[PDB]
Structures are given as C-alpha cells and as structure tokens.
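Have a look at the structure below before the remarks.
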Amino acid sequence: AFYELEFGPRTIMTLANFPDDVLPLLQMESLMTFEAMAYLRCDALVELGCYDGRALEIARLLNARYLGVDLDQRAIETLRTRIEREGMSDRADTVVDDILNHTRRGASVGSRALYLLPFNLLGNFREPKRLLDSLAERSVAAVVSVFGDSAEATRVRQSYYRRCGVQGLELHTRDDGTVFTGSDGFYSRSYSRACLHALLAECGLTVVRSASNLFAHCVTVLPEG
Amino acid sequence: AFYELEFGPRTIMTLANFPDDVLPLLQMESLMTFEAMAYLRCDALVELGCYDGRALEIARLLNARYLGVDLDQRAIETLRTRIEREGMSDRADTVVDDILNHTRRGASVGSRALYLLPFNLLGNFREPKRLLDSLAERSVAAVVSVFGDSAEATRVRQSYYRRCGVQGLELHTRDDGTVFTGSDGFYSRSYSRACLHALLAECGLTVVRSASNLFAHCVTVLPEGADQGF
Ligand SMILES: Nc1ncnc2c1ncn2[C@@H]1O[C@H](CSCC[C@H](N)C(=O)O)[C@@H](O)[C@H]1O
Ligand SMILES: Nc1ncnc2c1ncn2[C@@H]1O[C@H](CSCC[C@H](N)C(=O)O)[C@@H](O)[C@H]1O
C-alpha cells in the first residue's frame, strides 16, 4: 500500500535519510547472504525489495545469477542501466512486481536460488506468514534481516523514519517488538530473537545461522523437506 | 591536517552525505576483507580510519580481534559504546591517533593481523608510500579500497564531496586518476587498476585477489617476506 506511492520506496531507501547506525544491519546481512550462497551452493540470488540492486554486488563477486524484485520503476531502471554497464546482462534481470506475486506465481531463477528479505522487509508485512509460507512452499533457502527490540535500535529507527518524513509517525512498544505506523499507510515492526525464530518455526523454516548485533537480527533458514 | 579539524571526519563519513552509488564500493570492500581474513587465517582486523567501526561487524562474524584507528574522538566514543553493548570488550579495542603514527610505533594486534585501508583512505595521502611501507612490519596481509578513474566514478565523487560540503572543491584531471582538493586542506585522488598495482609493487606488496566494479577497485595484498602459515 505505502510502497505503491510515487516517492514511497525512494524516501525509505535513499542513503540521504539513513542514520550512521543503520550500516551495521546492512553489513551483517550482506556477509550472511554472501556466505549462505557459498555453503549452500546457490547459483542464483533473488533479492525481494532490491530497490536499485542493494545485493547485486554479492551475486556479482560469486559469479551467481541475480533477480531484483521491487515496485519502484525508477529504482529498477537504475538497476537495469547498472547491470548493462557492469556487463551482467546475461546473468542478471529485474521485474517491477509485488514480491508476493513473484514468490507464488513466478518462475525459478537458476537450479538453487537464495531468497534475501533485506533491511527489515519482513517488518513491513502485517501478516508475514503469507510471504514466509510462499518461500517454504517454493523449497528455496532464504536470508531474513530484521531490526532488533533494543532501546538503541528503536532510537535509530525513530530518527531513520523521521528523516524519510512518514506523515503521522507513531511509536507502538510491544513485548516481542516495536511497531511504527504512519497516516500514509506506513507499517514497520522490529522482532525479538525469540519471536523471529518462533515465526520461522510456525512457517516450517529451520534456522541454520543466526547473527544478532545491537540494532539488527539476521538468520539463514532452510525449508523442511 | 583536514581530519584534525573537529568536523572533518564527521562530514566525509556521515551516511546522509553518501550517494546511493557509493554503497556498492563499501559492500565489495566488506566482502573481500571478510573472505581475505578467513583464507589467510587472520585472527585480528586493524581498520585504519574506522570512524564508528565500519568493519567491526566483519571481526564480529569471524570471532576475530578488532582495533579501530581514527582521529575523530566522537566517532571512537560511539565505537567504544557499541563494543561494550555488543559484548566485545575482551576482543575489540580503539585508539584516537594518526594511522601513520600507529603503523610506525603501535603495538601488534593478535598473531596474524589484516590491515584494512577502507573507502579510498590511501587516496587521501599525498605521499602514500609512507603508509604502504609501514604495513610490512606489523601485518601479514592488507586490503586497499580506492575509487576508479572511470567517468561514472568521478561523477559520484563530485556529488559525494559536494554533499560532505568541502570548501573550494576543485577537480584536477590526471592520467593516473582524478585529484579533488579543498581550501580546508582536503586532498583525495582516485587510482587506475594499473597505477594501484604499480604503486603496491614499488612498496613490496604482492596482489593476491583484485576486484573492480564501475566506481571502485579493491585488492588483497601480502608483504614480500611475510608468514603465509596457519
Ligand atoms: N510488496 C512489495 N513488493 C515489492 N517491493 C516491495 C514490497 N514491499 C516493500 N518493497 C520494497 O522493499 C524495499 C525495502 S523495505 C525497507 C523497510 C524499512 N527499512 C523498515 O524498517 O521498515 C523498498 O525498496 C520497497 O519498495
Ligand atoms: N592520518 C589519519 N589518521 C587517522 N585517521 C585518518 C587519517 N586520515 C584519514 N583518517 C580517517 O579515515 C576515515 C575515512 S577517509 C575517507 C576518504 C573519502 N571516502 C574519499 O574518497 O576521499 C575518516 O574517518 C578519517 O577520520
């Protein structure tokens, strides 16, 4: 709903609106994704909500296939021009579509694809089970990066979302995370290590690696079967 | 000189001042450092120009030692608080000193230390051979990240330095790279694949892996005569 707005994806994904304490989250998920690709021998990387290809360099340096899924057409156009200039036109592609449409009805990318859900993508879903169930039913390994329920995490997010200029930004503290809502249909929540592992268990996704810094949690998961 | 100014490191290293085209450079530099440490069995990471510990997460995920060197007091204070809260007080450490001072007269970190020169740090040295010569003693390996001489790179750099707000920003075109100067005492040059490999060869640093995207070049080097054991 929110990311169907003209400058909805831009305002959220532009580095200009990023506090300095966001970078640790982005670095942790990058290294987790990179190593998960190598160990599980994933010849493809499917970044759900790629924007301008935030995980293209991972797929590039492993000489793996890439697919960037996002609703922002302007950001996907940057990624298309980037793929051409880098010379990955043969082993890189982009689609302008809802990530749930791709995961449900889309075609396979390579033989073994890793599905990245970067920068608290799972937090922007009210019923995230629908997305995690489509991954589980796809029989593909996945990486899930979310914000933490620490005091420092919530502070960085509050700053981060205010720079983006989310109309009617309201903080809602819960036991298993902190939820930020906006008048423009903006929804985003953080996760506790326990809640995230519990949610993934409910959707039949086994945790093999689990990294957690001050700001973020990142987990590599395998579908049961 | 420029980074001894109170808000010299702050303006250059604040994410808000980064174009979106810069993140690929940082990502490539991170993945190569992460993999170099693993392959070369480095038990310690020494990030020169760490700011707020920009490579701390690499040392964290490898269970390796960490030392952040930077002139910014406020940025090192953020790193100390982060090291404390993430429970790395026994593994991680920080110093507020000139990287050349540390590299010449500083104590070693662990048995096998990899020295990271991140985000075109080597570019901000008029006489970079001074910095490269000092690495031989205290390190078994090093990662050198640096901007490219490409048209797209110079465009991103011009955009990047303008957002940082460098006083009297001037572009000086060369065959080797592109030099950006400021009236603050700011200096920052890019390198060509050839000129970088040539400079590292002159200082006795052998290139092992060499990655290059549209904007940047990143190389893993070994000092000639250093230990290559486990
Ligand atoms: N249903 C959907 N289909 C496609 N892209 C989506 C999407 N939902 C989100 N995205 C994309 O996901 C990317 C990152 S979402 C970032 C979330 C934010 N950091 C937070 O804390 O909540 C954006 O570029 C956005 O366009
Ligand atoms: N001589 C020195 N001693 C200590 N830190 C230094 C230093 N020179 C630079 N630094 C630190 O190195 C960090 C990165 S410098 C980044 C260079 C910039 N990206 C460019 O393109 O030119 C800064 O935080 C700065 O404080």
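Scheme for the structure tokens: letters A, B, ... for chains in order shown; per-chain residue numbers from 1; ligand numbers from 1 in order shown.
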Contacts of region 122-139 of chain B within 9 Å, only C-alpha atoms, excl. fewer than 4 positions in-chain, as a ChimeraX atom specification: /B:99-100,103-104,106-109,112-115,117-118,144-147,179,186-191,199-200,202-205,222-226
Proximal residues of chain A relative to chain B (only C-alpha atoms; 8 Å) as a PyMOL selection string: chain A and resi 14-20+23-24+27-28+30-31+34+54+57-58+61+85-86+211+213-214
Selection file, C-alpha atoms, as a compact mmCIF listing (two decimals), in the first residue's frame:
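The resulting out-v8.txt:
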# COMPACT_ATOMS: atom_id res chain seq x y z
CA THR A 14 17.68 6.87 -0.14
CA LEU A 15 21.04 6.82 1.81
CA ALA A 16 20.48 10.60 2.50
CA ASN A 17 17.75 9.59 5.08
CA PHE A 18 19.96 6.82 6.69
CA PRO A 19 21.39 7.32 10.22
CA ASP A 20 25.02 6.04 10.66
CA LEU A 23 25.02 0.45 8.26
CA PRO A 24 25.84 -2.38 10.77
CA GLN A 27 26.82 -5.13 6.53
CA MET A 28 25.72 -8.12 8.75
CA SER A 30 25.48 -8.77 3.26
CA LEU A 31 28.10 -11.14 4.85
CA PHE A 34 27.39 -13.98 0.76
CA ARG A 54 21.31 -3.49 -2.89
CA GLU A 57 27.50 -6.92 -5.78
CA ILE A 58 27.10 -10.20 -3.71
CA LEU A 61 31.51 -11.39 -6.84
CA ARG A 85 27.34 -1.05 -17.52
CA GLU A 86 28.72 -3.80 -15.15
CA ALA A 211 23.55 -13.31 13.71
CA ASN A 213 24.15 -7.10 16.64
CA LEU A 214 22.88 -4.12 18.77
Surrounding residues as a PyMOL selection string, ligand 2, max 6 Å, only C-alpha atoms and all ligand atoms: chain B and resi 3+9+13+49+51+70-72+97-99+119-121+124+188
Sel. of strand (DSSP E or B) residues, region 23-137 of chain A, as a count of residues only: 21
Neighbour list for residue 77 (chain A) as a PyMOL selection string, cut-off 12 Å, only C-alpha atoms, skip fewer than 2 positions in-chain: chain A and resi 50-53+68-75+79-84+93-96
Store the residues of this selection in a file with N, CA and C atoms, as a compact mmCIF listing (two decimals), in the first residue's frame.
# COMPACT_ATOMS: atom_id res chain seq x y z
N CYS A 50 14.60 -5.07 -3.82
CA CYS A 50 16.01 -4.79 -4.18
C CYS A 50 16.27 -3.28 -4.26
N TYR A 51 15.25 -2.50 -4.66
CA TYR A 51 15.32 -1.05 -4.98
C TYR A 51 16.23 -0.86 -6.20
N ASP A 52 17.50 -0.48 -6.00
CA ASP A 52 18.49 -0.24 -7.10
C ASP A 52 19.55 -1.34 -7.08
N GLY A 53 19.17 -2.55 -6.65
CA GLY A 53 20.07 -3.72 -6.53
C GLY A 53 21.03 -3.57 -5.37
N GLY A 68 16.26 -8.92 -9.21
CA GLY A 68 15.80 -7.82 -8.33
C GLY A 68 14.32 -7.56 -8.50
N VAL A 69 13.53 -7.79 -7.45
CA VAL A 69 12.05 -7.56 -7.42
C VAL A 69 11.77 -6.32 -6.55
N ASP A 70 11.06 -5.33 -7.11
CA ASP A 70 10.63 -4.10 -6.39
C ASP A 70 9.48 -3.45 -7.17
N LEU A 71 8.71 -2.58 -6.51
CA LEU A 71 7.56 -1.84 -7.12
C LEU A 71 8.06 -0.53 -7.75
N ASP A 72 9.12 0.07 -7.19
CA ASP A 72 9.72 1.34 -7.68
C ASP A 72 10.32 1.10 -9.07
N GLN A 73 9.70 1.68 -10.11
CA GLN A 73 10.13 1.56 -11.53
C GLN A 73 11.43 2.34 -11.76
N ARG A 74 11.54 3.53 -11.15
CA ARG A 74 12.72 4.43 -11.28
C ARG A 74 13.97 3.74 -10.72
N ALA A 75 13.84 3.04 -9.59
CA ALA A 75 14.94 2.32 -8.90
C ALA A 75 15.35 1.09 -9.72
N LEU A 79 18.90 -0.02 -11.79
CA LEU A 79 19.46 -1.40 -11.69
C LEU A 79 19.68 -1.98 -13.10
N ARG A 80 18.76 -1.72 -14.04
CA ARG A 80 18.85 -2.20 -15.45
C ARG A 80 20.07 -1.56 -16.13
N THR A 81 20.23 -0.24 -16.00
CA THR A 81 21.38 0.54 -16.55
C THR A 81 22.68 0.08 -15.88
N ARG A 82 22.62 -0.27 -14.59
CA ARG A 82 23.78 -0.74 -13.78
C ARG A 82 24.23 -2.12 -14.27
N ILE A 83 23.28 -3.05 -14.44
CA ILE A 83 23.51 -4.44 -14.95
C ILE A 83 24.20 -4.37 -16.32
N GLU A 84 23.76 -3.45 -17.19
CA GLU A 84 24.31 -3.24 -18.56
C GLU A 84 25.76 -2.75 -18.47
N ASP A 93 18.78 -9.93 -14.04
CA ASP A 93 17.44 -9.50 -14.53
C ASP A 93 16.73 -8.72 -13.42
N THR A 94 15.66 -8.00 -13.78
CA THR A 94 14.79 -7.23 -12.85
C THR A 94 13.32 -7.37 -13.27
N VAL A 95 12.40 -7.34 -12.30
CA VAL A 95 10.93 -7.32 -12.53
C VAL A 95 10.30 -6.25 -11.63
N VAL A 96 9.36 -5.47 -12.18
CA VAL A 96 8.52 -4.50 -11.43
C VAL A 96 7.22 -5.21 -11.05
